[PDB]
Each structure stands twice: as C-alpha cells, then as structure tokens.
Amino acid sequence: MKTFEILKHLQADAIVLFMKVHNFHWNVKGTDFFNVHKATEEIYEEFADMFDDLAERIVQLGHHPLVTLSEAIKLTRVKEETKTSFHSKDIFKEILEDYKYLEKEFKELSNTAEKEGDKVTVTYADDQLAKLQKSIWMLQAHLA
C-alpha cells in the first residue's frame, strides 16, 4: 500500500482497539480487577492519542482520514470482541495478539514511508514501534 493507506488502516484499528480495551476495562473479573482495570485505562488513552495522530498525519499528507465508525469497521484488520466477561489471562492474550499485529503494521509503515522519502512518518512509526515492543515484552513476561 501507499503510506496514507497504511495510515488509514492503522487509524481504523486504533478506534476499534479503543473500544475493545474499554470492554476489557469494564468487564474484568477476578482478584486482578484493580490492576487490569487501571492498566486498560492507560491503554485506551493511548489508542485515543494514536487515533488522533494517525488521522492528523493523513491530512498533513494531503489525504482523507476515516471520519465514521462505519468506514472504520470496514477497514480494520482487528476482530471485534463480543464477549462481556473476562479474566485477566484472556484479556492479556488478546491484547498481546493485537499488539503483535500492530507491530507488523508499523514496520510496514516505516519501510514504505522510507521508500517514499517520508522522513517524519518514518520517525513516527519507529517511535510507536518502540512503545509496542516494550509492552509486548511486559505482556509476554506477564503470561510466563
């Protein structure tokens, strides 16, 4: 894809993930409650920021960002969670799965943005990669 197309897909995943971790946030069960309730909030706050940055990068690039939830679920590569009750372990396995998926997408973003000579989208991609890789480590350590 072109850089802006990768950006729009990533933007779609951000809003879908924002909704998804809210689900984990509200419906966690178990003696783990306080910690995951607290952690998921920080996570969706981050997706809200990513959602906004991706969209603004797209307009700076001269293109159209997704502007409706309808376009978003049409472009996501993230499956929506319909369940309404979870335990810590399952929540972290899913978040880990989605994080690994985002990491691949940001690597593509970084690679194709570089070929186009898009210096600033590349550094944006590399910064998100850094955050994702640190969290993936922590998620994996937690599940070990």
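Don't overthink the numbering: it's just position in the shown sequence, from 1.
Look at the C-alpha B-factors of 55-63 and of 83-91. On average they run higher in 83-91. Stretches 12-20 and 116-124 differ in mean C-alpha B factor, with the higher average recorded for 116-124.
In the deposited entry, the Cα temperature factor of residue 50 sits in the bottom third of values across the chain's modelled residues. Residue 111 sits in the middle third of its chain by CA B factor, as recorded in the PDB entry. Ranked within its chain, residue 7 lands in the lowest third, by CA B factor from the PDB record.
In this PDB entry, residue 70 carries a Cα temperature factor that places it within the middle third of its chain's modelled residues. Among all modelled residues in its chain, residue 26 ranks in the lowest third by Cα B-factor.
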